[PDB]
Amino acid sequence: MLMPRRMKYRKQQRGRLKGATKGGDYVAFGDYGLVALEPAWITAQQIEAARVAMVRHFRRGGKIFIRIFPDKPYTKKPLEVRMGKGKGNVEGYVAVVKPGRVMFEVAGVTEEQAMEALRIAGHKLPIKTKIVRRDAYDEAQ
Amino acid sequence: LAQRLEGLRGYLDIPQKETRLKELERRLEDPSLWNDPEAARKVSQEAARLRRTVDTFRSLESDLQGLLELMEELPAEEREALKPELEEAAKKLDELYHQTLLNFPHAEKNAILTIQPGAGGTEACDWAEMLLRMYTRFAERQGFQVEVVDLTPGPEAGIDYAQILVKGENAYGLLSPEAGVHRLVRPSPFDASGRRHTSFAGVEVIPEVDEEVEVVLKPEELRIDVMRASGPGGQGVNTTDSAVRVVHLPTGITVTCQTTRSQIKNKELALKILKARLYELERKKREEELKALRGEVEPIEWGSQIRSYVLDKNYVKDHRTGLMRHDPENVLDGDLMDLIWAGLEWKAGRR
RNA sequence: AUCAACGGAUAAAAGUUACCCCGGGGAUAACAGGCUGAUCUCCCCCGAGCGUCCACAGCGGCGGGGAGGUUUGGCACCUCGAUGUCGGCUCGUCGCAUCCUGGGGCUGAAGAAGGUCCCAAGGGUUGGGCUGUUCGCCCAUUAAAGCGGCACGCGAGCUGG
RNA sequence: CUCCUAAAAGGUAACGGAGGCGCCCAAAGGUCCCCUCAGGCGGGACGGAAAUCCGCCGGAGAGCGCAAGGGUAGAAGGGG
RNA sequence: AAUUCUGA
RNA sequence: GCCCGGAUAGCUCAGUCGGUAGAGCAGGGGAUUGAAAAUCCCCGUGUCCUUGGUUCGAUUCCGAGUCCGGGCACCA
RNA sequence: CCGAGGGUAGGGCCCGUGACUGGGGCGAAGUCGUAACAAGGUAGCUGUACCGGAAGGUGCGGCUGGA
RNA sequence: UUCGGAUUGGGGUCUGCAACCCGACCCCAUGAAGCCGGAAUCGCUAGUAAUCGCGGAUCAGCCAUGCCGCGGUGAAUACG
RNA sequence: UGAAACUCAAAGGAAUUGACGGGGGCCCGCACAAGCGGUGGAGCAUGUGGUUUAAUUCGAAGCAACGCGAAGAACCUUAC
Ligand SMILES: [Mg+2]
Ligand SMILES: [Mg+2]
Ligand SMILES: [Mg+2]
Ligand SMILES: [Mg+2]
Ligand SMILES: [Mg+2]
Ligand SMILES: [Mg+2]
Ligand SMILES: [Mg+2]
Ligand SMILES: [Mg+2]
Ligand SMILES: [Mg+2]
Ligand SMILES: [Mg+2]
Ligand SMILES: [Mg+2]
Ligand SMILES: [Mg+2]
Ligand SMILES: [Mg+2]
Ligand SMILES: [Mg+2]
Ligand SMILES: [Mg+2]
Ligand SMILES: [Mg+2]
Ligand SMILES: [Mg+2]
Ligand SMILES: [Mg+2]
Ligand SMILES: [Mg+2]
Ligand SMILES: [Mg+2]
Ligand SMILES: [Mg+2]
Ligand SMILES: [Mg+2]
Ligand SMILES: [Mg+2]
Ligand SMILES: [Mg+2]
Ligand SMILES: [Mg+2]
Ligand SMILES: [Mg+2]
Ligand SMILES: [Mg+2]
Ligand SMILES: [Mg+2]
Ligand SMILES: [Mg+2]
Ligand SMILES: [Mg+2]
Ligand SMILES: [Mg+2]
Ligand SMILES: [Mg+2]
Ligand SMILES: [Mg+2]
Ligand SMILES: [Mg+2]
Ligand SMILES: [Mg+2]
Ligand SMILES: [Mg+2]
Ligand SMILES: [Mg+2]
Ligand SMILES: [Mg+2]
Ligand SMILES: [Mg+2]
Ligand SMILES: [Mg+2]
Ligand SMILES: [Mg+2]
Ligand SMILES: [Mg+2]
Ligand SMILES: [Mg+2]
Ligand SMILES: [Mg+2]
Ligand SMILES: [Mg+2]
Ligand SMILES: [Mg+2]
Ligand SMILES: [Mg+2]
Ligand SMILES: [Mg+2]
Ligand SMILES: [Mg+2]
Ligand SMILES: [Mg+2]
Ligand SMILES: [Mg+2]
Ligand SMILES: [Mg+2]
Ligand SMILES: [Mg+2]
Ligand SMILES: [Mg+2]
Ligand SMILES: [Mg+2]
Ligand SMILES: [Mg+2]
Ligand SMILES: [Mg+2]
Ligand SMILES: [Mg+2]
Ligand SMILES: [Mg+2]
Ligand SMILES: [Mg+2]
Ligand SMILES: [Mg+2]
Ligand SMILES: [Mg+2]
Ligand SMILES: [Mg+2]
Ligand SMILES: [Mg+2]
Ligand SMILES: [Mg+2]
Ligand SMILES: [Mg+2]
Ligand SMILES: [Mg+2]
Ligand SMILES: [Mg+2]
Ligand SMILES: [Mg+2]
Ligand SMILES: [Mg+2]
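Protein chains in written order, with our numbering: chain S, 5 to 145; chain Y, 690 to 1040.
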């Protein structure tokens, strides 16, 4: 679950994934966060299936920040149909994700529960992730 | 009701069984398999609570004129110290007595009465309509949201069918003993010479339960084979596993399909049928359950009544218990809280 | 001029062929192989939660990673101056992802019985009823009545339902 | 015909993504002279949350017969 | 070209 | 799966160039009846399936969606 | 030779039983209409024929237990 | 409408211990629906119908426009 | 030609007395017809069904119950 409620075009091209995030490399919300190491399209089903994995772990606790949003229509041709005859129909939605992107980040919880509620979510993702805590980049002087 | 409640509860019986609990309780006979322990203290509390019952009785019995001094002395405190233990008492007096009755499965649900006119043709169709206004007004003034499901205003007079929702707590537990046959004796307002005939009716009552409809089947719940279809097709039909076969292991019901040449679309049509034929076994058992919730009685003919009503001899004899009031008119308009309790007492007695 | 099949064959025109024919094509489908592995089969990660108690005796929500090349597909690479197509019969042989039998760890293993995973093909893996059937269901057994690959092995070996 | 695909000239395929055209105006055309929007905020009989008024602020987000795009008030827009 | 009226 | 045709009052169904909305039935209030039917006056309620758009305005004209109705799915 | 009896083959009668099906009796209340009894609201009934949800209808001839 | 007097505001008299529910009157101000009534449907044959006013019982008062009486004016039509 | 199981306390003939007939003959009543004035419509009074309520006390139910018990409900009455 988690898809846009609009967009000007129902289907869009596959595009390409050339490394290094366009932004969202620093953690600007919570205490600890989760960052992607390898490029990939994360699915709506995955984002969610990790957001809950997160809460459920530390039930009735902090606040979770999801910083990636599946706004790319993913398509697929029906089964047993042959090539051509127009573009497949929408399957679900994905979010583009390149190396360095801080996807998630938790707030208001112990590092004990952070570096765990994340370790679990990580297993729900199609890629390799790494955990981080606020450091170098901060918005100040 | 108030003065009588005690007796019919095991008033003298329970206070003897009570110590039978603690009886086998003590002496931990190799307390292996856990069994009575659960219903050990809970069944116990029931016991010494017959004292809290005789305390709220005594505090409410020593209360009969527990205001004879308040009829002579209004301002004080030595007379307002047991009272904060007397207001709460007239409360449990009702509690420990109606929380001993409604003490069964699912009663707190919203009920659903149904009225079908028994024998007596048109009379019964009318007497039915009256039995309708009754519970309605009752449940109405009783603080219960009443929703009208059906109302089929029969041929000449009265109705043929009626079904209504009883929105509230313990609504079912209340309007439950009502479930059954209700006879009516009075000269037939319909008959020519206003002669005296008897009328019969049926009043079923059930708890509101099912609201949704889910019938999803896990993969392991079934089995899917695939073989070469039988029929026309030359090389095709001969070298392809177009023919599918879904089998639902639990029910044993199986479905096969070689409709189209696609193993795939055939699985589809297959399950499509399988489901359909699974809900049918789902609704066949979905009603052999809820229908056994109507009772095992009520032929709705003569001699089946469980409480008659007369008007040319003003009274209402409840055959079930034996009770007989002399105000049919009052009963048929609300007055029920009397025979409802008793109705239960009679019933809950055997459980 | 809906010559709109829009650079517009005649002013003027639809079907059928299993009764068919010739010229061509592996430039192009149906079989088999090939490449791919969505589908399929098997395996694994995470650990919500079930299991009276206890995440892992037996289970595994949401999600995630693979393997194999049995199935349904995608593609259209050899073959259209021909690679005979289902099932049965006969003859087998190889795999292991083991149905028996031999070993072994767990168990929610008292014992006898089981369950689950590990090791291990040496050898075994029945007779019938129905259907062309493969597949299935059933009868009667058994230690067990395994699942596959061999052009879904085998028609210059047979059958031809 | 309009955009994208199309890799910053032009061009560029696919039974790729998404829409329009087979008309229309005697003024919706020439020219000369004037005029300037949509909105938002307050004020106002009937008055919606836009009818017509008044006042500030509004550089173009309005308008341009119909699709899209480019263009455009220093007019292609509005009026005579 | 105009029905029906149960059952003490 | 493809291609047609649908959805409008409680049921069965009309309707328009884009502003409107209906019939028969059921149903409510009256009338004859001893009391029902029949019959006789009086009645009304609808996003015109959903969700987009065009328009100044959409039941209506286009995109899409859901449910139902038809017709095809052939050579191997 | 005959022979109780046993076996073999085909018949006849009766009893029991059978998915389903035919119509019947009964059943203090259903649904449909109202055929017959009063010119029963087309007088009725009758043998037969055809027809129809159902009583019933209609045709031909017969009777009056009707006018 | 100088028709019709509902409803309502305001001011008062009286009975009763007491009139908010719930009294009858009085006066100022309001002045509504109603332009002769669908399907239907009632009474009366002569001092009757129609029409006008008075009395009594009840009873403190009074929700009487009711009921029971009294007289004043005084019709139409009846084939069958 | 021609049974049975089962089931009912009757089935049935004639003739009485009535009631009834969309049978007949004869005959009455404001029954129709002839005619006049109303009701159903409107506002108000009152009775009742109904609903409501703590209670809205009870009875009357076609004609022959509904301005009927009530020829007088503020508390009395008055039964709720
Ligand atoms: Mg949101
Ligand atoms: Mg690079
Ligand atoms: Mg019924
Ligand atoms: Mg029904
Ligand atoms: Mg064929
Ligand atoms: Mg094939
Ligand atoms: Mg030409
Ligand atoms: Mg042409
Ligand atoms: Mg061309
Ligand atoms: Mg041509
Ligand atoms: Mg042939
Ligand atoms: Mg030939
Ligand atoms: Mg031939
Ligand atoms: Mg030839
Ligand atoms: Mg040839
Ligand atoms: Mg080729
Ligand atoms: Mg080639
Ligand atoms: Mg192939
Ligand atoms: Mg080959
Ligand atoms: Mg999973
Ligand atoms: Mg292969
Ligand atoms: Mg293949
Ligand atoms: Mg190629
Ligand atoms: Mg070939
Ligand atoms: Mg050759
Ligand atoms: Mg050859
Ligand atoms: Mg192994
Ligand atoms: Mg053992
Ligand atoms: Mg065999
Ligand atoms: Mg055979
Ligand atoms: Mg083999
Ligand atoms: Mg083969
Ligand atoms: Mg053959
Ligand atoms: Mg042959
Ligand atoms: Mg370019
Ligand atoms: Mg370029
Ligand atoms: Mg403005
Ligand atoms: Mg306005
Ligand atoms: Mg110009
Ligand atoms: Mg000009
Ligand atoms: Mg008729
Ligand atoms: Mg009937
Ligand atoms: Mg009768
Ligand atoms: Mg409809
Ligand atoms: Mg209109
Ligand atoms: Mg109509
Ligand atoms: Mg009506
Ligand atoms: Mg009526
Ligand atoms: Mg209407
Ligand atoms: Mg012999
Ligand atoms: Mg027999
Ligand atoms: Mg007959
Ligand atoms: Mg008849
Ligand atoms: Mg007749
Ligand atoms: Mg008739
Ligand atoms: Mg005949
Ligand atoms: Mg006929
Ligand atoms: Mg005749
Ligand atoms: Mg007053
Ligand atoms: Mg008049
Ligand atoms: Mg008048
Ligand atoms: Mg004889
Ligand atoms: Mg006789
Ligand atoms: Mg006569
Ligand atoms: Mg007279
Ligand atoms: Mg009136
Ligand atoms: Mg009495
Ligand atoms: Mg009353
Ligand atoms: Mg009075
Ligand atoms: Mg009193």
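Every residue, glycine too, gets a C-beta built ideally from N, C-alpha and C.
So, under 8 Å CB-CB, Y/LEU710 and Y/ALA729 are touching, yes? Tell me the CB distance rounded to an integer number of Å. 6 Å
Measure the beta-carbon distance from S/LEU6 to S/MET107 and round it to whole angstroms, keeping in mind my assumption that it falls under 8 Å. So it is not a contact: roughly 13 Å between Cβ atoms.
Give the C-beta separation of Y/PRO806 and Y/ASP849 to the nearest angstrom, bearing in mind that I take them to be a contact with Cβ-Cβ under 8 Å. 7 Å
Taking 7 Å as the cut-off, does the CB of Y/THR929 come closer than this to any heavy atom belonging to ligand 6? yes
Would the beta-carbon of S/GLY112 be found less than 7 Å away from any heavy atom of ligand 2? no
The beta strand (DSSP E) enclosing S/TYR97, as first and last residue numbers: 93-101
Does the structure place the region 770-780 of chain Y close enough to the region 823-840 of chain Y that three or more beta carbon pairs sit under 8 Å? no
Secondary structure of Y/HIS937, DSSP reduced to three states: strand
Between the CA atoms of Y/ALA796 and Y/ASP725 - distance to the nearest angstrom: 26 Å
Local Cβ density within 10 Å of Y/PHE793, reported as buried at 16 or more and exposed below that: exposed
Using the beta-carbon count (16 or more within 10 Å), is Y/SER721 buried or exposed? exposed
Starting from the C-beta of Y/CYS814, find all residues in its chain whose C-beta is less than 8 Å away, skip the five residues before and the five after it, and write them out in chain order. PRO806, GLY843, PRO844, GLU845, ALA846, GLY847, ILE848 and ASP849
Tell me Y/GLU893's beta-bridge partners as DSSP assigns them. Y/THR803
Start and end residues, alpha helix (DSSP H) containing Y/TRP1030: 1026-1037
According to the Cβ coordinates, are Y/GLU735 and Y/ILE801 closer than 8 Å? no
When the distance is taken between beta carbons, is Y/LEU970 closer than 8 Å to Y/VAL935? no
When you compare each of Y/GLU812, Y/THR940, Y/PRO939 and Y/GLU957 to Y/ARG885 by their alpha carbons, which one comes out closest? Y/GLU812
Using only the alpha-carbon positions, how far apart do S/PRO103 and S/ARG71 sit? 14 Å
Do you know how far the Cα of Y/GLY862 is from the Cα of Y/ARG1040? 15 Å
Write down the C-beta distance between S/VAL94 and S/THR114 rounded to the nearest angstrom, noting that I regard them as a contact closer than 8 Å. Actually they are not in contact, since the Cβ atoms of S/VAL94 and S/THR114 sit about 41 Å apart, beyond 8 Å.
When the Cα atoms are used, what is the spatial distance from Y/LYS731 to S/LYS76? 60 Å
Tell me which same chain residues have a C-beta within less than 6 Å of the C-beta of Y/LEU821, skipping the five on either side of it? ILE804 and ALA851
Whether or not the region 830-839 of chain Y and the region 888-896 of chain Y are in contact is what I'm after, with contact meaning three or more pairs of Cβ atoms, one per stretch, closer than 8 Å; do they touch? no
Would you mind giving the Cβ-Cβ distance between S/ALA99 and S/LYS67, rounded to the nearest angstrom? I have them listed as a contact below 8 Å. At roughly 20 Å, the Cβ-Cβ gap does not stay under 8 Å, so S/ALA99 and S/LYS67 are not in contact.
Collapsed DSSP secondary structure at Y/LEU963 in the structure displayed: helix
Put Y/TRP816 into one of helix, strand or coil per three-state DSSP. helix
Spatial neighbours of Y/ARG741 within its chain, please: C-beta separation below 8 Å, excluding the five flanking residues on both sides. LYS781 and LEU785
Locate the alpha helix (DSSP H) running through Y/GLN852, then write down its first and last residues. Taken as a continuous stretch (DSSP letters only), Y/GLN852 belongs to no alpha helix (DSSP H), being part of the beta strand (DSSP E) at 850-856.
Just to confirm, is the Cβ distance from Y/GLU987 to Y/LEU697 under 8 Å? no
Where Y/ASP783 falls, given that 16 or more other Cβ within 10 Å makes a residue buried: exposed
If you follow the beta strand (DSSP E) that S/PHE69 is part of, which residue opens it and which one closes it? 67-70
Looking at Y/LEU749: is its Cβ nearer than 8 Å to the Cβ of Y/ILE703? no
Where S/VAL56 and S/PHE69 are concerned, what is the direct C-alpha to C-alpha distance, given to the nearest angstrom? 12 Å
Residue of S/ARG137, S/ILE135, S/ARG138 and S/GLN16 minimising C-alpha distance to S/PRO74: S/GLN16
Report whether the distance from the Cβ of Y/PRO921 to the nearest heavy atom of ligand 5 is below 7 Å. yes
If you follow the beta strand (DSSP E) that S/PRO77 is in, where does it begin and where does it stop? 76-80
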